[PDB]
Structure formats: C-alpha cells, structure tokens
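Enquirer: My questions will all concern the structure given below.
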Amino acid sequence: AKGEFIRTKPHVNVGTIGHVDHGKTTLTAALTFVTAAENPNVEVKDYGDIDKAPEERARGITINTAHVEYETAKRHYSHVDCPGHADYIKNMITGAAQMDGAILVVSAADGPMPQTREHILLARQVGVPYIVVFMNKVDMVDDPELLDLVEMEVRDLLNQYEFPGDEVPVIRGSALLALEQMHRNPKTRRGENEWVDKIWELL
RNA sequence: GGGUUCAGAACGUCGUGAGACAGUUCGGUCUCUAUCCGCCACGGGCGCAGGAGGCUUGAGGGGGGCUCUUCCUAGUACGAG
Ligand SMILES: Nc1nc2c(ncn2[C@@H]2O[C@H](COP(=O)(O)OP(=O)(O)CP(=O)(O)O)[C@@H](O)[C@H]2O)c(=O)[nH]1
Ligand SMILES: [Mg+2]
C-alpha cells in the first residue's frame, strides 16, 4: 500500500525562496491544488500540512524546507519549499543547494526586502541557474502603476548579481485568492476561474 | 477576650531574704430591662382659609453607577525580525 513510482515525464527540482510573509508556502500549496485537477499523480497539500511541524504550525512561520511533488502533462516537478527569515538560512541554503530552478517570491505591498536580497545572493553562490519571480500580494490597493515599479526594481536586483533579470518571467497575482477558490473547488481546470489562471502563467 | 494588666504554679535571672523582671511559661468571673438626642420601622392627632370618593404632578430625598477574557476588524499601520 505504497505504490510504485511511474517515471513518465522528466524530473526537475524547483525551490521557492524570498523574504518572509510573502506567500512562499501558500503559493506552494497552491501549485499543488492548481496542477491537481488538470492531472492526477499529484497528491494535494495545504497551507497546514505543508508546514506540519508543531510551532512551525502553532507558531505561524515555516521552519523546515518542505518537499512537494506536482506535475504537468509536460514536466514533473519536485518542489523544495525554503523558509524566509535569517537564522534558518542554513535550511534554505540546504534546500537551495538542490533545486534546479528557484521560484523567487516578492510582495507588491512590501517590495524587495533584506532577505529577498540575500536569498538571491545565496542563489548566485549556491548554483541555482535560473530564477522566476512571482509578485504576490497584488490584490492590494489599486496600484495603476505601482506594482509595475516592483518589476522594475526586482529586475534591477536580479541583473545585479549576474541573473537574466530583464528576461526573468515576472508573473503577477495572489496565491491566497488563487488558493482560496481552489480550496473550495477541488476538481476544476484552467481557463475558467480568475486568479487560478494567474498561477498557470507561472507554472 | 487569643495579647496586656489581680490572686495559683514553674523556668531563667536578680536578691542573704521577703520577693522581683513590658523576660519567659500553664491557668484564670466581660454586668436580662434604653429616660433623652440619634437611627430603622409603624401609627394616633390636628392642619392643608367648603365636605367627600378617586386618580396624580414631583420641589426635594434616596438608589444605582463595576470589570475581565476571547473572537472579528488584522497577522493589516509600524517592524529587518
Ligand atoms: N493579501 C494577501 N495575503 C496573503 C497572500 N498570500 C499569503 N498571504 C498571507 O500570508 C499568510 C502566511 O504566508 P506564508 O505563505 O506562510 O508566508 P511565507 O512566505 O511562508 C513566510 P516564512 O516562510 O518565512 O514563514 C497567510 O495566512 C495570509 O494571510 C496573498 O496573495 N495576498
Ligand atoms: Mg514558508
């Protein structure tokens, strides 16, 4: 009652970094629910069990790199979910020392923060060729052209440590909402619900 | 009436002694009846510029005024955390 792994598509490890409280984990649980419906072989994880360690849970934050499995009819992924803060950097650095690609995560409301830097810096010294940004917390105050300033300065940061910043695919949206509807929408593909389609732009 | 503050008894101690010490130590009677002012209640009498059965206004008095936890705004202002 464990089942044999059926290697169909190719496997690639992608991790998720970025400062604290910026949606790193939820965005992670999201990719689980999102990519779920449109294909089996995923096994759903939630904001709760993604961070099953007491305190990590009861206390609020993420303390240990997760490790999630979700695919696409295109490519199979293994998602290593790093923690924000400092202190635990010794656990993100270990999560990072793996992941082929890093799904960077910045927040519209806050913008690139102190850890956002170092993480990127570690990625340039860990050996994570390729980064993808994902502005989260966008569903905040109508910023006609403010969230645009983020993608202007975040790219400045990436192209500040030898990263294709100007090329880096900066998706936009919210993970909470995206998650939320999915949370109460198990089965349901893309090209339908608002935000859910914002996750796929990233996937 | 547990402490002190009578009489008994003892310790230490001081005194030849009787005795002595806010030094200890055990014991050791706390008084049915409220006249007046005061107070809580309750009436009788006369008064209210005509006699009565009812229902009332409220000057002025009194009473009562308290506080904690948790959830939501929101893990949002602020904060590297
Ligand atoms: N407004 C808004 N809030 C969101 C969004 N995504 C997440 N959040 C908020 O952040 C909370 C937890 O975020 P989480 O994903 O764990 O943050 P994190 O990136 O893991 C921070 P660390 O890993 O360092 O502990 C959520 O319960 C929610 O209130 C979003 O897209 N918009
Ligand atoms: Mg986390």
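Labels used: A, B, ... for chains in the order of the structure tokens, numbers from 1 for residues in each chain, and numbers from 1 for ligands as shown.
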Which chain A residues are at most 8 Å from chain B (counting only C-alpha atoms (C1' of nucleotides)), as a list in words?
Expert: residues 85, 113 and 114 of chain A
Enquirer: Can those selected residues be exported to a file as a PDB file, in the first residue's frame so that it contains N, CA, C and O atoms?
Expert:
```pdb
ATOM      1  N   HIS A  85      13.035  34.453   6.744  1.00  0.00           N
ATOM      2  CA  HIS A  85      13.917  34.871   7.838  1.00  0.00           C
ATOM      3  C   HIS A  85      15.389  34.729   7.532  1.00  0.00           C
ATOM      4  O   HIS A  85      15.806  34.555   6.389  1.00  0.00           O
ATOM      5  N   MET A 113      12.865  43.032  -0.099  1.00  0.00           N
ATOM      6  CA  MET A 113      13.340  43.207   1.277  1.00  0.00           C
ATOM      7  C   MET A 113      14.716  42.579   1.517  1.00  0.00           C
ATOM      8  O   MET A 113      15.209  41.807   0.693  1.00  0.00           O
ATOM      9  N   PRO A 114      15.341  42.895   2.666  1.00  0.00           N
ATOM     10  CA  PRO A 114      16.657  42.418   3.106  1.00  0.00           C
ATOM     11  C   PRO A 114      16.943  40.945   2.882  1.00  0.00           C
ATOM     12  O   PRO A 114      18.064  40.581   2.540  1.00  0.00           O
TER      13      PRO A 114
END
```
Enquirer: Could you give me the residues within 9 Å of ligand 2, counting only C-alpha atoms (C1' of nucleotides) and all ligand atoms, as JSON, numbers by chain?
Expert: {"A": [16, 17, 20, 21, 22, 23, 24, 25, 26, 28, 50, 51, 61, 62, 63, 64, 65, 66, 81, 82, 83, 84]}
Enquirer: Save the residues we just selected, C-alpha atoms, as a compact mmCIF listing (two decimals), in the first residue's frame?
Expert:
```txt
# COMPACT_ATOMS: atom_id res chain seq x y z
CA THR A 16 10.75 28.54 -3.61
CA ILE A 17 12.58 31.39 -1.91
CA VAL A 20 9.14 36.45 5.00
CA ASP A 21 5.32 36.60 4.91
CA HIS A 22 5.43 36.95 1.11
CA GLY A 23 3.38 33.86 0.25
CA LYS A 24 6.24 31.39 -0.31
CA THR A 25 4.36 28.49 1.33
CA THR A 26 0.77 29.27 0.23
CA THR A 28 3.48 26.37 -2.85
CA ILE A 50 2.91 21.72 4.08
CA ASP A 51 4.18 23.00 7.46
CA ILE A 61 6.01 30.51 10.22
CA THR A 62 7.88 27.97 8.05
CA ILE A 63 10.98 26.47 9.73
CA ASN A 64 11.97 23.44 7.63
CA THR A 65 12.26 23.18 3.85
CA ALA A 66 9.16 21.33 2.68
CA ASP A 81 9.96 25.00 -0.05
CA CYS A 82 12.58 27.08 1.78
CA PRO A 83 11.96 29.23 4.87
CA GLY A 84 12.28 33.03 4.92
```
Enquirer: If you run DSSP on this backbone, which residues of segment 36-147 of chain A come out as helix (DSSP H, G or I), and could you give them as a list in words?
Expert: residues 36, 37, 49, 50, 51, 89, 90, 91, 92, 93, 94, 95, 96, 114, 115, 116, 117, 118, 119, 120, 121, 122, 123, 124, 125, 126, 146 and 147 of chain A
Enquirer: DSSP says strand (DSSP E or B) for which residues of chain A? Put them as a ChimeraX atom specification?
Expert: /A:11-16,68-70,76-81,101-103,106-107,131-132,134-136,171-172
Enquirer: Quick one, how far is atom CA of residue 195 of chain A from atom 5 (C, counted along the ligand's line) of ligand 1?
Expert: 12.0 Å
Enquirer: Atom CA of residue 194 of chain A to atom CA of residue 174 of chain A: how many Å, to one decimal?
Expert: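 Distance between the two atoms: 10.4 Å.
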Enquirer: For ligand 1, which residue out of A:135, A:202, A:96, A:154 is the nearest one, using only C-alpha atoms and all ligand atoms?
Expert: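 Smallest separation from ligand 1 among the options: A:135.
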Enquirer: Near residue 8 of chain B, within 12 Å and counting only C-alpha atoms (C1' of nucleotides), which residues show up once chain neighbours fewer than 2 positions away are dropped, as a list in words?
Expert: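 Surrounding residues, per the criterion: residues 6, 10, 26, 27 and 28 of chain B.
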Enquirer: Write a file of the just-selected residues containing N, CA, C and O atoms (P, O5', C5', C4', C3', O3' and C1' of nucleotides), as a PDB file, in the first residue's frame.
Expert:
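Output (out-v8.pdb):
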```
ATOM      1  P     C B   6      -2.560  40.430  85.347  1.00  0.00           P
ATOM      2  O5'   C B   6      -3.043  40.561  86.860  1.00  0.00           O
ATOM      3  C5'   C B   6      -2.530  41.604  87.714  1.00  0.00           C
ATOM      4  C4'   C B   6      -2.990  41.387  89.132  1.00  0.00           C
ATOM      5  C3'   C B   6      -2.807  39.971  89.643  1.00  0.00           C
ATOM      6  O3'   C B   6      -1.498  39.667  90.082  1.00  0.00           O
ATOM      7  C1'   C B   6      -5.010  40.674  90.127  1.00  0.00           C
ATOM      8  P     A B  10       6.217  26.927  92.467  1.00  0.00           P
ATOM      9  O5'   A B  10       6.932  26.790  91.059  1.00  0.00           O
ATOM     10  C5'   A B  10       7.073  25.491  90.485  1.00  0.00           C
ATOM     11  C4'   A B  10       7.531  25.572  89.057  1.00  0.00           C
ATOM     12  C3'   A B  10       8.768  26.374  88.776  1.00  0.00           C
ATOM     13  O3'   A B  10       9.923  25.654  89.098  1.00  0.00           O
ATOM     14  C1'   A B  10       7.129  26.871  87.174  1.00  0.00           C
ATOM     15  P     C B  26       2.377  28.710  77.431  1.00  0.00           P
ATOM     16  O5'   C B  26       1.364  28.135  78.509  1.00  0.00           O
ATOM     17  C5'   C B  26       1.035  26.751  78.479  1.00  0.00           C
ATOM     18  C4'   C B  26       0.335  26.329  79.739  1.00  0.00           C
ATOM     19  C3'   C B  26      -0.914  27.080  80.140  1.00  0.00           C
ATOM     20  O3'   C B  26      -2.047  26.743  79.386  1.00  0.00           O
ATOM     21  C1'   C B  26       0.413  26.762  82.044  1.00  0.00           C
ATOM     22  P     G B  27      -3.179  27.861  79.148  1.00  0.00           P
ATOM     23  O5'   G B  27      -3.871  28.019  80.580  1.00  0.00           O
ATOM     24  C5'   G B  27      -4.374  26.879  81.299  1.00  0.00           C
ATOM     25  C4'   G B  27      -4.952  27.302  82.634  1.00  0.00           C
ATOM     26  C3'   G B  27      -5.872  28.503  82.614  1.00  0.00           C
ATOM     27  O3'   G B  27      -7.170  28.206  82.163  1.00  0.00           O
ATOM     28  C1'   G B  27      -4.361  28.754  84.398  1.00  0.00           C
ATOM     29  P     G B  28      -7.974  29.325  81.336  1.00  0.00           P
ATOM     30  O5'   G B  28      -8.373  30.416  82.434  1.00  0.00           O
ATOM     31  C5'   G B  28      -9.419  30.138  83.390  1.00  0.00           C
ATOM     32  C4'   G B  28      -9.276  31.011  84.601  1.00  0.00           C
ATOM     33  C3'   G B  28      -9.634  32.472  84.401  1.00  0.00           C
ATOM     34  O3'   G B  28     -11.021  32.716  84.569  1.00  0.00           O
ATOM     35  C1'   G B  28      -7.528  32.324  85.458  1.00  0.00           C
TER      36        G B  28
END
```
Enquirer: Between atom CA of residue 105 of chain A and atom CA of residue 128 of chain A, what distance in Å does the model show, to one decimal?
Expert: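 Interatomic distance, atom CA of residue 105 of chain A to atom CA of residue 128 of chain A: 14.9 Å.
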Enquirer: Which polymer residues have any atom within 12 Å of an atom of residue 29 of chain A, counting only C-alpha atoms (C1' of nucleotides), with same-chain residues fewer than 3 positions away left out, as number ranges by chain?
Expert: A: 16, 23-26, 32-36, 42-51, 66-70, 79-81, 175-176, 178-180, 182-183, 199
